[PDB]
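Peer 1: first chunk of the complex, coordinates as they sit in the assembly:
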Amino acid sequence: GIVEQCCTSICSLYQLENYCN
């Protein structure tokens, strides 16, 4: 999930935007 992708590893814009409505 987002924690694994952005907190425990380096985040990206591509992955943040997947969580926008």
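Peer 2: Yep, it's here. Residues are numbered from 1 along each chain as shown, chains lettered A, B, ... in the order given.

Peer 1: So residue A:6 sits against residue A:14, correct?
Peer 2: No - when contacts are counted by CB atoms under 8 Å, residue A:6 is not listed as touching residue A:14 (11.0 Å). All C-beta atoms are positioned from the backbone trio N, CA, C, and that covers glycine.

Peer 1: more crowded one of those two?
Peer 2: More crowded of residue A:6 and residue A:14, by other CB atoms under 10 Å: residue A:6, with 14 against 7.

Peer 1: where does that one fall, phi/psi-wise?
Peer 2: Here is the backbone geometry of residue A:6 (degrees, to the nearest 10): phi -120, psi -20.

Peer 1: following sequence is chain B, place it on the structure:
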Amino acid sequence: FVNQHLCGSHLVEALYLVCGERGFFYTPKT
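Peer 2: Adding chain B to the chains above:
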């Protein structure tokens, strides 16, 4: 600013800035 480790309030702040008027969902357990 997004290309770093972002945890807790830092991650929610990034979501807020990136997603703008769309809003977002923050689901740390899923």
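
Peer 1: Those residues of chain A touching chain B, which are they?
Peer 2: Neighbours of chain B within chain A, by CB under 8 Å from any CB of the partner chain: A:1-3, A:6-13, A:16-17, A:19-21.

Peer 1: From those, list the buried ones, please.
Peer 2: A:2-3, A:6-7, A:11, A:16, A:19 (16 or more other CB atoms under 10 Å in any protein chain shown).

Peer 1: Need those residues in TSV (columns: secondary structure).
Peer 2: Below are those laid out as TSV (DSSP: H, G, I helix; E, B strand; the rest coil):
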residue	secondary structure
A:2	helix
A:3	helix
A:6	helix
A:7	helix
A:11	coil
A:16	helix
A:19	coil
